[PDB]
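Values below: every heavy atom of this structure, side chains too, minus hydrogens, waters and symmetry copies. Numbers here are sequence positions counted from 1. In each ligand, atom 1 is the first atom listed, and ligand 1 is the first ligand listed.
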Amino acid sequence: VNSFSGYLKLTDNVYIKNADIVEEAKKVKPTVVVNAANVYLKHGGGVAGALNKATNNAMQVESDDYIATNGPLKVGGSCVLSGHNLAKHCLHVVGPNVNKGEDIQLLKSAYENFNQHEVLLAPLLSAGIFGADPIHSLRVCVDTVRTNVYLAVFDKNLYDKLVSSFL
Ligand SMILES: CC(C)[C@@H](CNC(=O)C1(C)CCC1)Nc1ncnc2[nH]cnc12
């Protein structure tokens with residue numbers, strides 16, 4: 001039993017809710033919150049900008065030190081950093097950004113990072129400003145992640161569409 005509430009069950013291991021991931025994280029304080037990161041960990045907008053703002057920019061300060069030491073992530077890759085006031089840990093995962101021309105096949109590789117964590121609160125990778133079809137992203141999630149994933153979908157209209165079209 002865990003503290004996630006109000007989720008709809010899609011499969012054995014995937015759950016979905018219409019929620020603001022920042023507010024969901026603030027209340028649950030999950031072990032892992034997933035950030036929709038880019039390779040530079042520049043948290044300007046979308047989910048990343050919102051998570052970073054909720055940390056009062058501490059996420060960005062930590063991220064800048066990470067990049068200065070290690071260089072950029074790979075598209076499809078990830079790193080574990082602090083969850084600050086939102087979670088124990090933040091798993092920064094880089095899905096492909098269609099608005100930059102990155103290969104959508106890398107979306108499966110991005111979701112594979114979730115399998116290193118038993119339970120996660122996460123957004124749909126490559127959705128929103130990353131330009132992928134969120135319905136495709138949900139399908140890849142269900143077909144790739146084997147650990148327990150709680151998906152927060154900010155837009156109520158999108159949420160209804162994802163549920164109603166789910167196979
Ligand atoms: C749109 C909601 C309110 C947003 C949370 N907004 C905010 O924190 C602020 C306005 C930014 C300073 C406060 N969160 C998400 N933004 C994008 N994509 C998502 N997917 C799941 N949640 C989200």
- Item | Min N/O separation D20 to ligand 1 under 3.5 Å | yes
- Message: Need the ligand 1 atom indices (1-based, order shown) with element for anything under 4.0 Å from a heavy-atom of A19.
- Response: 21 (C), 22 (N)
- Identity and separation of the nearest protein heavy atom to atom 18 (N) of ligand 1: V47 CG2, 3.4 Å
Which pairs would a plain distance check flag for residues 46-53, meaning a side-chain donor or acceptor within less than 3.5 Å of a matching protein atom at least two apart in sequence or in another chain?
{"from": "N52", "atom 1": "OD1", "to": "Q60", "atom 2": "N", "distance (Å)": "2.9"}
{"from": "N52", "atom 1": "ND2", "to": "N57", "atom 2": "OD1", "distance (Å)": "2.9"}

- Decide whether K9 and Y15 meet the rule of one side-chain donor and one side-chain acceptor closer than 3.5 Å. yes
- Message: We want to know whether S63 and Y40 form a side-chain donor-acceptor pair, criterion being a heavy-atom distance below 3.5 angstrom.
- Response: no
- Query: For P123, is the nearest heavy atom under 4.0 Å from an atom of ligand 1?
  - Reply: no
- Tell me, do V80 and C90 make a side-chain contact under 4.5 Å, heavy atoms counted? no
- Query: Can you tell me how far NZ of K88 sits from OG1 of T31, rounded to the nearest 0.5 angstrom?
  - Reply: 8.0 Å
- Note on the structure: Within 4.0 Å of some non-hydrogen atom of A50, the atoms of ligand 1 are 8 (O)
- Query: Does the side chain of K100 come within less than 4.5 Å of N38's, by heavy atoms?
  - Reply: yes
- Message: Which residue and atom name correspond to the protein heavy atom nearest atom 4 (C) of ligand 1, and how close is it?
- Response: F154 CE1, 3.4 Å
- Message: How far is atom 10 (C) of ligand 1 from the closest protein heavy atom, and which atom is that?
- Response: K53 NZ, 4.6 Å
- Item | Exercise check, heavy-atom protein proximity under 4.0 Å to atom 12 (C) of ligand 1 | yes
- Task: Can you sort out which atoms of ligand 1 are near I21, meaning under 4.0 Å from one of its heavy atoms?
- Result: 22 (N)
